[PDB]
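Quick notes on the structure that follows.
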There are 2 protein chains.
Amino acid sequence: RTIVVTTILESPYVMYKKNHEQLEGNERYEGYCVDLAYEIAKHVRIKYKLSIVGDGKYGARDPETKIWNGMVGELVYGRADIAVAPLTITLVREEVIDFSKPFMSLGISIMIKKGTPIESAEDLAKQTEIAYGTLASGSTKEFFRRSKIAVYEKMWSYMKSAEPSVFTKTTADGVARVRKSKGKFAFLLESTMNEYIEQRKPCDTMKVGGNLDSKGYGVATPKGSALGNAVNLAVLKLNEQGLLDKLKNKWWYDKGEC
Amino acid sequence: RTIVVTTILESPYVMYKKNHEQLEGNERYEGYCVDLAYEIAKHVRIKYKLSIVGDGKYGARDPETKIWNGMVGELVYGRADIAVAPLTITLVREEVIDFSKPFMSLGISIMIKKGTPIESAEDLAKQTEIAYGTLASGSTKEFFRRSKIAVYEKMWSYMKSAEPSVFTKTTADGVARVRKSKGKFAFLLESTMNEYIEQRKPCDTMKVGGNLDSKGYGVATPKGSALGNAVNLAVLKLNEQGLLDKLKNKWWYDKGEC
Ligand SMILES: N[C@@H](Cn1oc(=O)[nH]c1=O)C(=O)O
Ligand SMILES: N[C@@H](Cn1oc(=O)[nH]c1=O)C(=O)O
Ligand SMILES: [Zn+2]
Ligand SMILES: [Zn+2]
């Protein structure tokens, strides 16, 4: 009766509340996806427990082992009933899980330390002074790996062979690396995360240039799950009511710091 | 064996080629959705015939008669197998037809004649000198009708009661009305159409302010159609390959005039 909602600690989607160590269950967490899960469960009429994905990954398939990890794996192997997270709708995932229509639109983007002389991916690719990387095990990395577009192929060739690694285990690690690198590291990550960090102290980063692609996050459910239809209608309803907009403003901009 | 693809004459999605009167079948037409249909049919492996929707409507349900019109109706009553058009994914449509993940992201937007002293929906709502309207029978009208947000309720109250009508039968009619009204008419329409017209002679219109919402166009198929899954994967593939981007540039910007 209580459905398991897998998610991921990623600001400002899911974050520990100030005094989380004193709290239990869903009360431990707050953020955009916490509010979204709440609103969805209200419309779908279900009780639910939030579960931070053990491996802290979004979801990729190991090419030799064929096993899916991350939140995707939790749905594929039946350990979670739904994923409410900034989980990018991609072809390879759509082949193994279902997704609602997007609750958020976004694109890959470039984060720089303010003052870094970079305005575009083309700028990054043609030089080697400033290092650059992506999150490991996610859709941004796969974008570069899979691209057949010259600029992105070049970037991927550089990143894949870079030493030390330019692939971070979390978004937060990549941001920290941008902040501490005195302008010699730039981070490729989704515009949503980039825009959020731009609004937080110490206000030393910025998104530059246009997004590299155009895509969406969806609420995910096991292939053929009978929760799928209701979750999809719920997302559409929440969008048309203006609630998704309200939540984005709430967690990104209303308390912006920059 | 030959599937019927319903669509709509809407620039630059589907347009008559220069010498269409001399041509037959699919060759009569060109545009973004013509190219998209082609690419999709290639991936799904089907032969197809484009069919301009007889009533020239997107799709709404008559509240008394309960009948769906437009492209939606063509799918609901089994007269078309697929819709490849700028057809907005909405809750009420999702209840009766299926949609692919979005092939284009967009939002409601304001078109003005250059120089019109309007920058936002708030600007429109608080005054009566400049008239404003939407397409009849589409998702933009429904947005206003359905909103519970003060500014939009006010706008809807004004539009619903305005005399003469501010509701146009086509996008093209609303644009023409903006162009001929010396700044005394503004048109509410999707950002995609607005951005296209901004790039066409006589370059006398512009999009102003932010979009009012955030949504998408999907390729549509009858509820439970066995074409649905392949069409959805096809759209995702075309997006991830950069083809959708390439087509948007092709039909909007590559030959921009302004
Ligand atoms: N939403 C992404 C995870 N990730 O977040 C970023 O900012 N880049 C990236 O790959 C996914 O679902 O894989
Ligand atoms: N895509 C819209 C049709 N329409 O185009 C606009 O620009 N506004 C509007 O309502 C629909 O599917 O109803
Ligand atoms: Zn803590
Ligand atoms: Zn003609």
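Basis: the model, the stated rules and, where named, an outside source; no laboratory instrument gave them. We place every Cβ from the backbone using ideal geometry, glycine too, and count neighbours over all the protein chains shown.
Odds and ends about this structure:
Residue by residue, here is whether (1) surrounded by fewer than 18 Cβ atoms within 10 Å (Cβ to Cβ); (2) more than 14 Å from every other protein chain (Cβ to nearest Cβ); (3) not hydroxyl-bearing (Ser, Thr, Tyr) holds:
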{"position": "B:103", "(1), (2), (3)": "no, no, yes"}
{"position": "B:128", "(1), (2), (3)": "yes, yes, no"}
{"position": "B:134", "(1), (2), (3)": "no, yes, no"}
{"position": "B:175", "(1), (2), (3)": "no, yes, yes"}
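- Some residue of the stretch B:66-78 being away from chain A (no Cβ under 14 Å), among the charged types (D, E, K, R) and either assigned to a loop (DSSP other than H, G, I, E, B) or farther than 29 Å from residue B:252 by Cα (or both): yes
- Residue list for the stretch B:218-227, restricted to those being out of contact with any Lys or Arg (no Cβ under 9 Å at 6 or more places or on another chain), surrounded by 15 or more Cβ atoms within 10 Å (Cβ to Cβ) and within 12 Å of chain A (Cβ to nearest Cβ): none
- Residues that are at the interface with chain B (Cβ under 9 Å from one of its Cβ atoms) and part of a helix (DSSP H, G or I) within the stretch A:232-247 comprise A:232, A:233, A:236, A:237, A:239, A:240, A:244, A:245, listed in sequence order.
- Evaluation of residue B:83 against (1) within 13 Å of ligand 2 (Cβ to nearest atom); (2) within 14 Å of another protein chain (Cβ to nearest Cβ) (one fails), failing number: (2)
- Checking B:207, B:184 one by one, the residue that is away from every other protein chain (no Cβ under 14 Å) and closer than 20 Å to residue B:143 by Cβ is B:207 and no other.
- Remark: residue B:63 matches the filter, which requires a residue to be free of Cβ contacts under 8 Å to residues at least 12 places away in the same chain, more than 16 Å from ligand 4 (Cβ to nearest atom) and either at positive phi or part of a loop (DSSP other than H, G, I, E, B) (or both).
- Extreme residue, nearest to residue A:249 (Cα to Cα), among residues of the stretch A:1-26 that are within 14 Å of ligand 3 (Cβ to nearest atom) and in a helix (DSSP H, G or I): A:20
- Within the stretch A:27-37, the set of residues being more than 16 Å from ligand 3 (Cβ to nearest atom) and either over 17 Å from residue A:228 (Cα atoms) or outside the structural domain of residue A:232 (by CATH) (or both) comprises A:32, A:33, A:35.
- Per-region count, the stretch B:197-217, residues crowded, with 22+ Cβ neighbours inside 10 Å and closer than 16 Å to residue B:12 by Cα: 2
- The lone exception for residue A:115 - which of (1) over 19 Å from residue B:245 (Cα atoms); (2) buried (at least 21 other Cβ atoms within 10 Å of the Cβ); (3) away from every other protein chain (no Cβ under 14 Å) it fails: (2)
- Residue match in the stretch B:46-64 (condition: among the polar types (S, T, N, Q), surrounded by fewer than 13 Cβ atoms within 10 Å (Cβ to Cβ) and more than 16 Å from ligand 2 (Cβ to nearest atom)): no
- Flag for residue B:88 being within 11 Å of ligand 2 (Cβ to nearest atom), among the hydroxyl-bearing types (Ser, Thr, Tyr), within 12 Å of another protein chain (Cβ to nearest Cβ) and in contact (Cβ under 8 Å) with a residue 40 or more places away in the chain: yes
- The lone criterion from (1) touching a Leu at 6+ places or on another chain (Cβ under 9 Å); (2) under 19 Å from residue B:11 (Cα atoms); (3) away from chain A (no Cβ under 14 Å); (4) not small (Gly, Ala, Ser) left unmet by residue B:108 is number (3).
- Criterion: away from ligand 3 (no atom under 16 Å from the Cβ) and either surrounded by fewer than 23 Cβ atoms within 10 Å (Cβ to Cβ) or within 30 Å of residue B:205 (Cα to Cα) (or both) - qualifying residue of B:89, B:40: B:89
- The stretch B:1-25 residues that are within 26 Å of residue B:76 (Cβ to Cβ) and more than 13 Å from ligand 2 (Cβ to nearest atom), paired with ones that are part of a strand (DSSP E or B) and of a type in the set (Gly, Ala, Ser) (beta carbon under 7 Å, 6 or more apart): B:4/B:51; B:5/B:51
- Hits in the stretch B:238-258 - residues which are surrounded by 14 or more Cβ atoms within 10 Å (Cβ to Cβ) and either over 30 Å from residue B:197 (Cβ atoms) or among the polar types (S, T, N, Q) (or both): B:239, B:241
- Residue check for residue B:93: touching an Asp or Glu at 6+ places or on another chain (Cβ under 8 Å) and within 14 Å of chain A (Cβ to nearest Cβ): no
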